[PDB]
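Student: The sequence isn't on hand, but the structure is:
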Ligand SMILES: C[C@H](NCc1cc(C(=N)N)ccc1O)C(=O)O
Ligand SMILES: [Ca+2]
Ligand SMILES: [Mg+2]
């Protein structure tokens, strides 16, 4: 997260860190056994880490659970990043409490101007590499479809939306990928891509979760 602030220990209970000997992507807990992340975050040997703040120190409240299976959307296109969504089933159900809780799926899509909370342990520098120890937060609004498409001509599909600031200085970044975009208590987006980080006229692009609610439910029900 670039230009954000320190969230505060366990203030974002649904945030998860995907770990393979190091933090490589974020994710969101949607129930005791399932996590939603980005399809481009797929890899074998994933350990899901819940209840984290400082990802380099065991502070208490952490729960490390292995992924039993990862389900990348069948129509995911790695060239366009269309359908950039993946479901991860936990080997064992997580113990839900005040520090580890699930986030609700949306019943309807969010409108432009809606304020959302984006979080993650991704890079905090627009020019260079600097990964934080603790979870970072950023309040950002969903942009109009017209501004999004004007910023990324011919690269925005119906399954994506832009959020952020056109002036630059505030944005999600590498490492935040797969993480949550929560608006009014609902998971509306997944950190997907963007041109660089916090660059002017280049807002972040996110997977539009409201288009996948039926797919998520049907997939979870059959697995
Ligand atoms: C570098 C490029 N990722 C870019 C990227 C950009 C943003 C953003 N500006 N909001 C968020 C997450 C990302 O993963 C890539 O993975 O190829
Ligand atoms: Ca920790
Ligand atoms: Mg990336």
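Tutor: Arrived safely. Numbering: from 1, shown residues only. Ligands and ions are numbered 1, 2, ... in the order given.
Student: Give me the neighbour count for the closest residue to residue 108 other than its chain neighbours.
Tutor: Of all residues not flanking residue 108 in the chain, residue 210 sits nearest, at 6.5 Å (Cβ to Cβ, 6 or more residues apart in numbering). C-beta here means a position set from N, CA and C on the backbone, and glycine is covered the same way. For residue 210, the count of nearby residues is 17 (other Cβ atoms under 10 Å).
Student: Make sure I have this right: residue 210 is in a strand.
Tutor: No. Counting by DSSP: H, G, I helix; E, B strand; the rest coil, one finds residue 210 to be helix, located in no strand.
Student: shouldn't it be in contact with residue 106?
Tutor: Yes. If you go by Cβ atoms under 8 Å, residue 210 and residue 106 touch, sitting 4.7 Å apart.
Student: anything in contact with each of the two?
Tutor: Taking Cβ atoms under 8 Å, 6 or more residues apart in numbering as the criterion, residue 210 and residue 106 both touch residue 188.
Student: Who are the packing partners of the longest helix seen in the chain?
Tutor: Taking DSSP state H as the criterion, the chain has its longest helix at helix 213-221. Helices and strands touching helix 213-221, as assessed by 3 or more Cβ pairs under 8 Å, 6 or more residues apart in numbering; DSSP states H and E, comprise strand 86-90.
Student: quick one: strands adjacent to the strand it packs on?
Tutor: Strands that pair with strand 86-90, judged by DSSP bridges, come out as strand 34-37 (antiparallel), strand 63-72 (antiparallel).
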